[PDB]
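Engineer: As input, take query.pdb (PDB, C-alpha atoms):
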```pdb
ATOM      1  CA  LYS A   1     -58.328  73.177 -21.370
ATOM      2  CA  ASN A   2     -57.923  76.000 -23.918
ATOM      3  CA  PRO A   3     -54.411  77.392 -23.766
ATOM      4  CA  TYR A   4     -55.971  80.766 -22.818
ATOM      5  CA  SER A   5     -57.925  79.161 -20.013
ATOM      6  CA  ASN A   6     -54.715  77.617 -18.667
ATOM      7  CA  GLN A   7     -52.819  80.863 -19.178
ATOM      8  CA  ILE A   8     -55.433  82.525 -16.980
ATOM      9  CA  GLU A   9     -55.704  79.863 -14.255
ATOM     10  CA  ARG A  10     -51.954  80.418 -13.811
ATOM     11  CA  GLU A  11     -52.133  84.196 -13.858
ATOM     12  CA  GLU A  12     -54.996  84.386 -11.360
ATOM     13  CA  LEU A  13     -52.934  82.113  -9.091
ATOM     14  CA  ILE A  14     -49.571  83.882  -9.205
ATOM     15  CA  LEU A  15     -51.782  86.864  -8.619
ATOM     16  CA  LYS A  16     -53.676  85.408  -5.640
ATOM     17  CA  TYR A  17     -50.424  84.674  -3.836
ATOM     18  CA  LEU A  18     -48.652  87.892  -4.636
ATOM     19  CA  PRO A  19     -49.598  89.139  -1.124
ATOM     20  CA  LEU A  20     -47.944  86.097   0.354
ATOM     21  CA  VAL A  21     -44.671  87.042  -1.310
ATOM     22  CA  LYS A  22     -45.282  90.517   0.111
ATOM     23  CA  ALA A  23     -45.653  89.672   3.794
ATOM     24  CA  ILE A  24     -42.890  87.050   3.643
ATOM     25  CA  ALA A  25     -40.516  89.662   2.316
ATOM     26  CA  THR A  26     -41.872  92.434   4.544
ATOM     27  CA  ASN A  27     -41.242  90.055   7.397
ATOM     28  CA  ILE A  28     -37.891  88.632   6.412
ATOM     29  CA  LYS A  29     -36.928  92.291   6.268
ATOM     30  CA  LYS A  30     -37.384  92.771   9.999
ATOM     31  CA  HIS A  31     -34.106  90.876  10.329
ATOM     32  CA  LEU A  32     -32.075  92.740   7.782
ATOM     33  CA  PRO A  33     -29.921  95.874   7.456
ATOM     34  CA  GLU A  34     -32.188  98.769   6.671
ATOM     35  CA  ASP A  35     -30.214  99.166   3.458
ATOM     36  CA  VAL A  36     -31.634  95.955   1.924
ATOM     37  CA  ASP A  37     -34.283  97.001  -0.612
ATOM     38  CA  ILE A  38     -37.512  95.239   0.118
ATOM     39  CA  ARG A  39     -38.388  95.613  -3.533
ATOM     40  CA  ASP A  40     -35.422  93.391  -4.313
ATOM     41  CA  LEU A  41     -36.746  90.856  -1.875
ATOM     42  CA  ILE A  42     -40.271  90.912  -3.300
ATOM     43  CA  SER A  43     -38.728  90.537  -6.751
ATOM     44  CA  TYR A  44     -36.921  87.332  -6.033
ATOM     45  CA  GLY A  45     -39.974  86.519  -3.989
ATOM     46  CA  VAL A  46     -42.218  86.582  -7.034
ATOM     47  CA  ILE A  47     -39.766  84.505  -9.081
ATOM     48  CA  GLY A  48     -40.203  81.670  -6.623
ATOM     49  CA  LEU A  49     -43.983  82.093  -6.313
ATOM     50  CA  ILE A  50     -44.120  81.572 -10.067
ATOM     51  CA  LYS A  51     -41.559  78.755 -10.211
ATOM     52  CA  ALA A  52     -43.790  77.273  -7.517
ATOM     53  CA  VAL A  53     -47.160  77.747  -9.217
ATOM     54  CA  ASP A  54     -45.454  76.471 -12.331
ATOM     55  CA  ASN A  55     -43.750  73.293 -11.120
ATOM     56  CA  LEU A  56     -46.932  72.790  -9.071
ATOM     57  CA  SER A  57     -49.172  69.708  -9.198
ATOM     58  CA  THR A  58     -52.749  69.978  -7.906
ATOM     59  CA  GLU A  59     -53.057  69.622  -4.159
ATOM     60  CA  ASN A  60     -55.325  71.035  -1.465
ATOM     61  CA  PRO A  61     -55.418  74.842  -1.002
ATOM     62  CA  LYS A  62     -53.773  74.103   2.338
ATOM     63  CA  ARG A  63     -51.118  71.753   0.946
ATOM     64  CA  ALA A  64     -50.493  73.866  -2.164
ATOM     65  CA  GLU A  65     -50.122  77.081  -0.180
ATOM     66  CA  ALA A  66     -47.539  75.398   2.054
ATOM     67  CA  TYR A  67     -45.497  74.596  -1.007
ATOM     68  CA  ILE A  68     -45.793  78.213  -2.241
ATOM     69  CA  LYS A  69     -44.384  79.698   0.958
ATOM     70  CA  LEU A  70     -41.606  77.098   1.087
ATOM     71  CA  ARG A  71     -40.652  78.311  -2.416
ATOM     72  CA  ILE A  72     -41.044  82.037  -1.932
ATOM     73  CA  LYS A  73     -38.899  81.913   1.188
ATOM     74  CA  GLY A  74     -36.479  79.620  -0.597
ATOM     75  CA  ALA A  75     -36.177  82.032  -3.491
ATOM     76  CA  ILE A  76     -35.501  84.921  -1.100
ATOM     77  CA  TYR A  77     -32.977  83.262   1.234
ATOM     78  CA  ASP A  78     -31.069  81.957  -1.728
ATOM     79  CA  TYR A  79     -30.718  85.556  -2.852
ATOM     80  CA  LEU A  80     -29.705  86.826   0.580
ATOM     81  CA  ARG A  81     -27.293  83.904   0.933
ATOM     82  CA  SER A  82     -25.537  85.358  -2.085
ATOM     83  CA  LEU A  83     -24.481  88.387  -0.118
ATOM     84  CA  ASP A  84     -21.542  88.954   2.218
ATOM     85  CA  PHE A  85     -23.472  87.946   5.329
ATOM     86  CA  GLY A  86     -21.180  85.080   6.249
ATOM     87  CA  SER A  87     -18.046  87.123   5.595
ATOM     88  CA  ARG A  88     -15.275  86.874   8.154
ATOM     89  CA  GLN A  89     -15.226  90.658   8.196
ATOM     90  CA  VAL A  90     -18.644  90.309   9.852
ATOM     91  CA  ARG A  91     -17.735  87.537  12.271
ATOM     92  CA  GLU A  92     -15.018  89.957  13.436
ATOM     93  CA  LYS A  93     -17.275  93.011  13.801
ATOM     94  CA  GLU A  94     -19.198  90.677  16.091
ATOM     95  CA  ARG A  95     -16.307  89.999  18.480
ATOM     96  CA  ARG A  96     -15.257  93.640  18.415
ATOM     97  CA  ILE A  97     -18.682  94.951  19.335
ATOM     98  CA  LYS A  98     -18.758  92.326  22.078
ATOM     99  CA  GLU A  99     -15.599  93.833  23.526
ATOM    100  CA  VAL A 100     -16.729  97.443  23.187
ATOM    101  CA  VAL A 101     -20.052  96.734  24.930
ATOM    102  CA  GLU A 102     -18.332  94.772  27.695
ATOM    103  CA  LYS A 103     -15.543  97.340  27.972
ATOM    104  CA  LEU A 104     -18.208 100.002  28.592
ATOM    105  CA  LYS A 105     -20.479  97.972  30.841
ATOM    106  CA  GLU A 106     -17.474  97.932  33.155
ATOM    107  CA  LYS A 107     -16.237 101.461  32.431
ATOM    108  CA  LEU A 108     -19.703 102.921  33.093
ATOM    109  CA  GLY A 109     -21.308 100.379  35.381
ATOM    110  CA  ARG A 110     -24.372 100.072  33.133
ATOM    111  CA  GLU A 111     -25.638  99.087  29.670
ATOM    112  CA  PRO A 112     -24.055 101.416  27.099
ATOM    113  CA  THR A 113     -26.620 103.364  25.171
ATOM    114  CA  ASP A 114     -26.294 102.389  21.532
ATOM    115  CA  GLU A 115     -24.562 105.674  20.777
ATOM    116  CA  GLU A 116     -21.995 105.101  23.484
ATOM    117  CA  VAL A 117     -21.153 101.922  21.615
ATOM    118  CA  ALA A 118     -21.404 103.838  18.415
ATOM    119  CA  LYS A 119     -18.930 106.494  19.519
ATOM    120  CA  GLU A 120     -16.648 103.972  21.218
ATOM    121  CA  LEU A 121     -16.499 102.028  17.952
ATOM    122  CA  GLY A 122     -16.036 105.246  16.009
ATOM    123  CA  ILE A 123     -19.083 104.818  13.792
ATOM    124  CA  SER A 124     -22.692 105.967  13.323
ATOM    125  CA  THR A 125     -25.566 104.539  15.371
ATOM    126  CA  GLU A 126     -27.004 103.887  11.935
ATOM    127  CA  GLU A 127     -23.818 102.027  11.036
ATOM    128  CA  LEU A 128     -23.739 100.139  14.344
ATOM    129  CA  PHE A 129     -27.260  98.954  13.675
ATOM    130  CA  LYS A 130     -26.837  97.787  10.100
ATOM    131  CA  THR A 131     -23.797  95.862  11.340
ATOM    132  CA  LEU A 132     -25.704  94.186  14.159
ATOM    133  CA  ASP A 133     -28.445  93.157  11.779
ATOM    134  CA  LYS A 134     -25.902  91.743   9.384
ATOM    135  CA  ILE A 135     -24.307  89.707  12.200
ATOM    136  CA  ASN A 136     -27.701  88.510  13.337
ATOM    137  CA  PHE A 137     -28.893  87.545   9.898
ATOM    138  CA  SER A 138     -25.711  85.504   9.511
ATOM    139  CA  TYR A 139     -27.028  83.362  12.304
ATOM    140  CA  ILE A 140     -30.571  83.544  10.972
ATOM    141  CA  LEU A 141     -29.204  81.963   7.787
ATOM    142  CA  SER A 142     -26.778  79.654   9.537
ATOM    143  CA  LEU A 143     -29.893  78.578  11.415
ATOM    144  CA  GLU A 144     -31.855  78.282   8.156
ATOM    145  CA  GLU A 145     -29.589  75.550   6.872
ATOM    146  CA  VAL A 146     -30.494  73.679  10.068
ATOM    147  CA  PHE A 147     -34.084  73.236   8.961
ATOM    148  CA  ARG A 148     -32.791  72.515   5.430
ATOM    149  CA  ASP A 149     -30.885  69.545   6.839
ATOM    150  CA  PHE A 150     -33.743  68.357   9.062
ATOM    151  CA  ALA A 151     -35.428  67.933   5.701
ATOM    152  CA  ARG A 152     -33.139  67.463   2.677
ATOM    153  CA  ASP A 153     -31.529  64.817   4.883
ATOM    154  CA  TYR A 154     -34.741  63.049   5.921
ATOM    155  CA  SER A 155     -36.837  64.206   2.987
ATOM    156  CA  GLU A 156     -35.316  61.394   0.968
ATOM    157  CA  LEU A 157     -37.944  59.429   2.932
ATOM    158  CA  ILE A 158     -40.308  62.379   2.266
ATOM    159  CA  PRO A 159     -41.495  61.238  -1.168
ATOM    160  CA  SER A 160     -40.733  57.586  -0.478
ATOM    161  CA  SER A 161     -42.903  58.490   2.543
ATOM    162  CA  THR A 162     -44.918  61.341   1.086
ATOM    163  CA  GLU A 163     -46.334  67.227   6.945
ATOM    164  CA  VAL A 164     -47.542  65.959  10.278
ATOM    165  CA  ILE A 165     -44.159  64.295  10.567
ATOM    166  CA  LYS A 166     -42.401  67.680  10.578
ATOM    167  CA  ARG A 167     -44.016  68.142  13.964
ATOM    168  CA  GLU A 168     -40.881  66.211  14.985
ATOM    169  CA  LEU A 169     -38.832  69.315  14.406
ATOM    170  CA  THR A 170     -41.803  71.204  15.804
ATOM    171  CA  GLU A 171     -40.957  69.349  19.041
ATOM    172  CA  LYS A 172     -37.228  69.119  18.321
ATOM    173  CA  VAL A 173     -37.236  72.870  19.007
ATOM    174  CA  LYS A 174     -39.224  72.801  22.250
ATOM    175  CA  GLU A 175     -36.032  71.003  23.299
ATOM    176  CA  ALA A 176     -33.288  73.611  23.050
ATOM    177  CA  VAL A 177     -35.987  76.247  23.622
ATOM    178  CA  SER A 178     -36.261  74.792  27.122
ATOM    179  CA  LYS A 179     -32.504  75.275  27.304
ATOM    180  CA  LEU A 180     -32.921  78.973  26.392
ATOM    181  CA  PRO A 181     -31.961  81.337  29.282
ATOM    182  CA  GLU A 182     -34.931  83.198  30.805
ATOM    183  CA  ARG A 183     -33.553  86.378  29.177
ATOM    184  CA  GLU A 184     -32.706  85.002  25.724
ATOM    185  CA  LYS A 185     -36.114  83.330  25.433
ATOM    186  CA  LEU A 186     -37.849  86.580  26.390
ATOM    187  CA  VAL A 187     -36.135  88.376  23.447
ATOM    188  CA  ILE A 188     -36.697  85.623  20.910
ATOM    189  CA  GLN A 189     -40.346  85.369  21.742
ATOM    190  CA  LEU A 190     -40.555  89.147  21.394
ATOM    191  CA  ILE A 191     -38.742  89.069  18.066
ATOM    192  CA  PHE A 192     -40.132  85.963  16.386
ATOM    193  CA  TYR A 193     -43.330  84.783  18.037
ATOM    194  CA  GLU A 194     -44.108  88.490  18.439
ATOM    195  CA  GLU A 195     -43.155  89.550  14.900
ATOM    196  CA  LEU A 196     -40.799  92.220  16.139
ATOM    197  CA  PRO A 197     -37.644  94.097  15.069
ATOM    198  CA  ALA A 198     -34.714  94.547  17.419
ATOM    199  CA  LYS A 199     -35.315  98.305  17.520
ATOM    200  CA  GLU A 200     -38.850  97.800  18.705
ATOM    201  CA  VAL A 201     -37.837  95.081  21.148
ATOM    202  CA  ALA A 202     -35.397  97.431  22.898
ATOM    203  CA  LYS A 203     -38.340  99.802  23.321
ATOM    204  CA  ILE A 204     -40.555  97.149  24.902
ATOM    205  CA  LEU A 205     -37.677  96.554  27.319
ATOM    206  CA  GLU A 206     -36.476 100.107  27.727
ATOM    207  CA  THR A 207     -32.973  98.845  26.879
ATOM    208  CA  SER A 208     -30.534  99.356  24.015
ATOM    209  CA  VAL A 209     -30.813  98.074  20.500
ATOM    210  CA  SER A 210     -27.259  96.829  20.797
ATOM    211  CA  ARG A 211     -28.435  95.082  23.980
ATOM    212  CA  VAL A 212     -31.428  93.237  22.452
ATOM    213  CA  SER A 213     -29.473  92.826  19.250
ATOM    214  CA  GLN A 214     -26.639  91.049  21.109
ATOM    215  CA  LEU A 215     -29.179  88.866  22.922
ATOM    216  CA  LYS A 216     -30.918  87.660  19.764
ATOM    217  CA  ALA A 217     -27.561  86.947  18.133
ATOM    218  CA  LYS A 218     -26.575  85.109  21.315
ATOM    219  CA  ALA A 219     -29.786  83.074  21.337
ATOM    220  CA  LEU A 220     -29.716  81.977  17.710
ATOM    221  CA  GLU A 221     -26.090  80.892  18.143
ATOM    222  CA  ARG A 222     -27.309  78.639  20.935
ATOM    223  CA  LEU A 223     -30.357  77.247  19.142
ATOM    224  CA  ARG A 224     -28.176  76.746  16.096
ATOM    225  CA  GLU A 225     -25.615  74.793  18.130
ATOM    226  CA  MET A 226     -28.182  72.684  19.996
ATOM    227  CA  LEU A 227     -30.542  71.941  17.088
ATOM    228  CA  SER A 228     -27.332  71.055  15.246
TER     229      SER A 228
ATOM    230  CA  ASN B   1     -54.147  97.485  -7.876
ATOM    231  CA  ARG B   2     -55.078  94.095  -9.298
ATOM    232  CA  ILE B   3     -56.068  96.104 -12.327
ATOM    233  CA  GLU B   4     -52.391  96.969 -12.856
ATOM    234  CA  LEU B   5     -50.838  94.065 -11.002
ATOM    235  CA  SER B   6     -52.728  91.792 -13.356
ATOM    236  CA  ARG B   7     -51.454  93.693 -16.386
ATOM    237  CA  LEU B   8     -47.904  93.281 -15.204
ATOM    238  CA  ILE B   9     -48.042  89.681 -14.042
ATOM    239  CA  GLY B  10     -49.222  88.925 -17.524
ATOM    240  CA  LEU B  11     -46.824  91.274 -19.244
ATOM    241  CA  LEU B  12     -44.170  89.400 -17.291
ATOM    242  CA  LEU B  13     -45.367  85.949 -18.306
ATOM    243  CA  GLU B  14     -45.529  86.714 -22.040
ATOM    244  CA  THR B  15     -41.758  86.269 -21.912
ATOM    245  CA  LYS B  16     -34.262  88.743 -18.673
ATOM    246  CA  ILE B  17     -33.710  92.475 -19.138
ATOM    247  CA  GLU B  18     -37.182  93.921 -19.746
ATOM    248  CA  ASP B  19     -38.608  91.176 -17.592
ATOM    249  CA  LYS B  20     -36.217  92.116 -14.748
ATOM    250  CA  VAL B  21     -37.772  95.520 -15.310
ATOM    251  CA  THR B  22     -41.348  94.352 -15.614
ATOM    252  CA  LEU B  23     -40.485  92.350 -12.481
ATOM    253  CA  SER B  24     -38.857  95.360 -10.872
ATOM    254  CA  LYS B  25     -42.181  97.113 -11.612
ATOM    255  CA  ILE B  26     -44.198  94.426  -9.964
ATOM    256  CA  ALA B  27     -41.960  94.627  -6.901
ATOM    257  CA  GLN B  28     -42.520  98.387  -6.858
ATOM    258  CA  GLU B  29     -46.257  97.869  -6.898
ATOM    259  CA  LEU B  30     -46.222  95.372  -4.062
ATOM    260  CA  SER B  31     -44.783  97.776  -1.520
ATOM    261  CA  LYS B  32     -47.058 100.802  -2.121
ATOM    262  CA  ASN B  33     -49.109  99.466   0.811
ATOM    263  CA  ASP B  34     -46.323 100.633   3.172
ATOM    264  CA  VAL B  35     -49.251 101.744   5.340
ATOM    265  CA  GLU B  36     -49.012  98.503   7.311
ATOM    266  CA  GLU B  37     -47.853 100.817  10.168
ATOM    267  CA  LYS B  38     -50.845  99.892  12.417
ATOM    268  CA  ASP B  39     -50.505  99.835  16.234
ATOM    269  CA  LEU B  40     -47.211 101.661  15.849
ATOM    270  CA  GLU B  41     -46.569 101.376  19.610
ATOM    271  CA  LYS B  42     -49.917 100.129  20.801
ATOM    272  CA  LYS B  43     -48.836  96.555  20.239
ATOM    273  CA  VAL B  44     -45.603  97.407  22.013
ATOM    274  CA  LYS B  45     -46.867  99.710  24.799
ATOM    275  CA  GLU B  46     -49.457  97.028  25.380
ATOM    276  CA  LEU B  47     -46.770  94.367  25.616
ATOM    277  CA  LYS B  48     -44.720  96.425  28.081
ATOM    278  CA  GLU B  49     -47.945  97.123  29.958
ATOM    279  CA  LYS B  50     -48.075  93.323  30.100
ATOM    280  CA  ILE B  51     -44.330  92.925  30.586
ATOM    281  CA  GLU B  52     -43.888  94.757  33.875
ATOM    282  CA  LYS B  53     -47.536  94.098  34.753
ATOM    283  CA  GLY B  54     -46.820  90.353  34.659
ATOM    284  CA  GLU B  55     -49.204  89.868  31.723
ATOM    285  CA  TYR B  56     -46.771  88.171  29.307
ATOM    286  CA  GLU B  57     -45.341  84.642  29.666
ATOM    287  CA  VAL B  58     -42.392  83.060  27.856
ATOM    288  CA  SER B  59     -43.744  79.595  27.032
ATOM    289  CA  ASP B  60     -41.203  77.564  25.087
ATOM    290  CA  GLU B  61     -44.221  76.811  22.867
ATOM    291  CA  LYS B  62     -44.782  80.394  21.713
ATOM    292  CA  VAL B  63     -41.011  80.695  21.439
ATOM    293  CA  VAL B  64     -40.999  77.509  19.345
ATOM    294  CA  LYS B  65     -44.014  78.616  17.340
ATOM    295  CA  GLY B  66     -42.335  81.833  16.300
ATOM    296  CA  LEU B  67     -39.099  79.993  15.566
ATOM    297  CA  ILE B  68     -40.869  77.511  13.306
ATOM    298  CA  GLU B  69     -43.620  79.646  11.791
ATOM    299  CA  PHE B  70     -40.671  81.773  10.658
ATOM    300  CA  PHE B  71     -38.062  79.204   9.695
ATOM    301  CA  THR B  72     -40.711  77.224   7.836
TER     302      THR B  72
END
```
Is it possible to give me this structure as structure tokens?
Structural biologist:
Amino acid sequence: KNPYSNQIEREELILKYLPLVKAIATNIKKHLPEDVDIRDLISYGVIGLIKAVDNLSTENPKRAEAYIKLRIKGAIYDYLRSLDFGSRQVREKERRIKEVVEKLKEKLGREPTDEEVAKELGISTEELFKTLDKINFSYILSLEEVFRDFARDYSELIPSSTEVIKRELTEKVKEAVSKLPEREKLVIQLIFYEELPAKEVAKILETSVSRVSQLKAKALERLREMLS
Amino acid sequence: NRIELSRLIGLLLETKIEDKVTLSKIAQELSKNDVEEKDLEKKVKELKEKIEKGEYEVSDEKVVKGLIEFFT
């Protein structure tokens, strides 16, 4: 293989999977504060796609591709993990918004429109939202590490035993997912299986964003706890 | 698109300051297709039309698909 021929095989690859980085990022964004630049995501995304193509050994287009994703995503999360998502300041904002929403459900005898919660918290609806998404993502990440343990822990017997086995976790979820309250499951499915943002979910349920938002965050917390 | 994207991917691989830039430029190029918009409601109004009209079921499967297909 002429160095130029190699140089091109690589290029044309990194290039063929660029779109994968794209969607992954575009998707992982549906769970993040609007202020997170997707560009930034895609950037780190690429990094990994390369690192992947690079440290890649021939495999089947199906098997290879699986590795790519698992590296793109990795790249990205690692970046996100670097931010203040786990901060205590966020775990607090959680509790506080819980109060506020409860305090108004009673005070008004109904589900507080986002803005009611906004005003009652003395912040923008915009602000409220970014904060909910941060909270949520904290769990999304907390929950990430769960699948990182159901692997990095067993994976030691992953090369010593080098995909259809993962269908263990695939079923290990149908477990706590059975333990997911008729409401919580309805949101999750609408968010994940449906590829949908909290804002859109609240529209498909004619409810509040803060409402759906609190549900998701509730759900994940469960799933995290059970699958953990 | 590929015309330029190619240029850059290469430009990037020939070598990070400028790279972070070259990279930053690739990132820029990958979003231009913001037009993904599609079914901006249709997919939702349809769902609701199938939410109240009992045409949407919460099978732990679908819920588990989503959860996995995302987390993995």
Engineer: Kindly resolve the PyMOL selection byres ((chain B and resi 27-34) around 10) on the present coordinates and return the residues as number ranges by chain.
Structural biologist: A: 18-19, 21-23, 25-26, 38-46; B: 1-2, 4-5, 8, 21-26, 35-37
Engineer: Written as an mmCIF file with C-alpha atoms, keeping the file's coordinate frame, what is the full residue list that the ChimeraX specification (/B :<7) & /A yields on the file shown?
Structural biologist:
```cif
data_model
loop_
_atom_site.group_PDB
_atom_site.id
_atom_site.type_symbol
_atom_site.label_atom_id
_atom_site.label_comp_id
_atom_site.auth_asym_id
_atom_site.auth_seq_id
_atom_site.Cartn_x
_atom_site.Cartn_y
_atom_site.Cartn_z
ATOM 1 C CA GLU A 11 -52.133 84.196 -13.858
ATOM 2 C CA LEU A 15 -51.782 86.864 -8.619
ATOM 3 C CA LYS A 22 -45.282 90.517 0.111
ATOM 4 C CA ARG A 39 -38.388 95.613 -3.533
ATOM 5 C CA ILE A 42 -40.271 90.912 -3.300
ATOM 6 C CA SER A 43 -38.728 90.537 -6.751
ATOM 7 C CA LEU A 70 -41.606 77.098 1.087
ATOM 8 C CA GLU A 144 -31.855 78.282 8.156
ATOM 9 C CA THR A 170 -41.803 71.204 15.804
ATOM 10 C CA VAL A 173 -37.236 72.870 19.007
ATOM 11 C CA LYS A 174 -39.224 72.801 22.250
ATOM 12 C CA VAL A 177 -35.987 76.247 23.622
ATOM 13 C CA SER A 178 -36.261 74.792 27.122
ATOM 14 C CA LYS A 185 -36.114 83.330 25.433
ATOM 15 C CA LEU A 186 -37.849 86.580 26.390
ATOM 16 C CA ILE A 188 -36.697 85.623 20.910
ATOM 17 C CA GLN A 189 -40.346 85.369 21.742
ATOM 18 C CA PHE A 192 -40.132 85.963 16.386
ATOM 19 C CA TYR A 193 -43.330 84.783 18.037
ATOM 20 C CA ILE A 204 -40.555 97.149 24.902
#
```
Engineer: Given the file shown, enumerate the residues that the PyMOL selection byres ((chain A and resi 102-105) around 12) captures and present them as number ranges by chain.
Structural biologist: A: 95-101, 106-121, 210-211, 214
Engineer: Expressed in Å to a single decimal, how great is the separation between CA of residue 71 (chain A) and CA of residue 158 (chain A)?
Structural biologist: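 Going from CA of residue 71 (chain A) over to CA of residue 158 (chain A), I get 16.6 Å.
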Engineer: Interatomic distance between CA of residue 12 (chain B) and CA of residue 14 (chain A)?
Structural biologist: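 So the two atoms, CA of residue 12 (chain B) and CA of residue 14 (chain A), lie 11.2 Å apart.
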Engineer: One decimal, in Å: what's the spacing between CA of residue 89 (chain A) and CA of residue 197 (chain A)?
Structural biologist: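 Computing the Euclidean distance for CA of residue 89 (chain A) and CA of residue 197 (chain A) yields 23.7 Å.
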Engineer: Counting only C-alpha atoms, figure out which residue out of A:133, A:35, A:156, A:65 gets nearest to residue 217 (chain A).
Structural biologist: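 Looking only at the distances to residue 217 (chain A), the closest residue turns out to be A:133.
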Engineer: Generate the missing atoms of region 17-33 of chain B up to N, CA and C atoms and report them as a PDB file, keeping the file's coordinate frame.
Structural biologist:
```
ATOM      1  N   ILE B  17     -33.916  91.047 -19.350  1.00  0.00           N
ATOM      2  CA  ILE B  17     -33.710  92.475 -19.138  1.00  0.00           C
ATOM      3  C   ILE B  17     -35.041  93.153 -18.841  1.00  0.00           C
ATOM      4  N   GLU B  18     -35.870  93.291 -19.874  1.00  0.00           N
ATOM      5  CA  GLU B  18     -37.182  93.921 -19.746  1.00  0.00           C
ATOM      6  C   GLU B  18     -38.004  93.233 -18.670  1.00  0.00           C
ATOM      7  N   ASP B  19     -37.881  91.916 -18.594  1.00  0.00           N
ATOM      8  CA  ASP B  19     -38.608  91.176 -17.592  1.00  0.00           C
ATOM      9  C   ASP B  19     -38.115  91.669 -16.235  1.00  0.00           C
ATOM     10  N   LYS B  20     -36.795  91.655 -16.021  1.00  0.00           N
ATOM     11  CA  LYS B  20     -36.217  92.116 -14.748  1.00  0.00           C
ATOM     12  C   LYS B  20     -36.817  93.477 -14.406  1.00  0.00           C
ATOM     13  N   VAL B  21     -37.145  94.222 -15.449  1.00  0.00           N
ATOM     14  CA  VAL B  21     -37.772  95.520 -15.310  1.00  0.00           C
ATOM     15  C   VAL B  21     -39.229  95.301 -14.962  1.00  0.00           C
ATOM     16  N   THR B  22     -39.950  94.645 -15.854  1.00  0.00           N
ATOM     17  CA  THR B  22     -41.348  94.352 -15.614  1.00  0.00           C
ATOM     18  C   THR B  22     -41.463  93.841 -14.177  1.00  0.00           C
ATOM     19  N   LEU B  23     -40.542  92.950 -13.815  1.00  0.00           N
ATOM     20  CA  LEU B  23     -40.485  92.350 -12.481  1.00  0.00           C
ATOM     21  C   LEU B  23     -40.235  93.452 -11.448  1.00  0.00           C
ATOM     22  N   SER B  24     -39.213  94.250 -11.725  1.00  0.00           N
ATOM     23  CA  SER B  24     -38.857  95.360 -10.872  1.00  0.00           C
ATOM     24  C   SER B  24     -40.083  96.251 -10.664  1.00  0.00           C
ATOM     25  N   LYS B  25     -40.959  96.296 -11.664  1.00  0.00           N
ATOM     26  CA  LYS B  25     -42.181  97.113 -11.612  1.00  0.00           C
ATOM     27  C   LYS B  25     -43.227  96.445 -10.745  1.00  0.00           C
ATOM     28  N   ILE B  26     -43.257  95.131 -10.790  1.00  0.00           N
ATOM     29  CA  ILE B  26     -44.198  94.426  -9.964  1.00  0.00           C
ATOM     30  C   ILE B  26     -43.775  94.674  -8.520  1.00  0.00           C
ATOM     31  N   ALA B  27     -42.495  94.440  -8.243  1.00  0.00           N
ATOM     32  CA  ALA B  27     -41.960  94.627  -6.901  1.00  0.00           C
ATOM     33  C   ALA B  27     -42.382  95.988  -6.369  1.00  0.00           C
ATOM     34  N   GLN B  28     -42.170  97.011  -7.194  1.00  0.00           N
ATOM     35  CA  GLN B  28     -42.520  98.387  -6.858  1.00  0.00           C
ATOM     36  C   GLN B  28     -43.973  98.476  -6.423  1.00  0.00           C
ATOM     37  N   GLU B  29     -44.841  97.841  -7.192  1.00  0.00           N
ATOM     38  CA  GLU B  29     -46.257  97.869  -6.898  1.00  0.00           C
ATOM     39  C   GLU B  29     -46.618  97.171  -5.599  1.00  0.00           C
ATOM     40  N   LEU B  30     -45.900  96.112  -5.263  1.00  0.00           N
ATOM     41  CA  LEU B  30     -46.222  95.372  -4.062  1.00  0.00           C
ATOM     42  C   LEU B  30     -45.878  96.034  -2.743  1.00  0.00           C
ATOM     43  N   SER B  31     -45.103  97.105  -2.770  1.00  0.00           N
ATOM     44  CA  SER B  31     -44.783  97.776  -1.520  1.00  0.00           C
ATOM     45  C   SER B  31     -45.678  98.974  -1.213  1.00  0.00           C
ATOM     46  N   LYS B  32     -46.189  99.627  -2.255  1.00  0.00           N
ATOM     47  CA  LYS B  32     -47.058 100.802  -2.121  1.00  0.00           C
ATOM     48  C   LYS B  32     -47.947 100.805  -0.873  1.00  0.00           C
ATOM     49  N   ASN B  33     -48.280  99.617  -0.379  1.00  0.00           N
ATOM     50  CA  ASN B  33     -49.109  99.466   0.811  1.00  0.00           C
ATOM     51  C   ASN B  33     -48.200  99.493   2.055  1.00  0.00           C
TER      52      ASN B  33
END
```
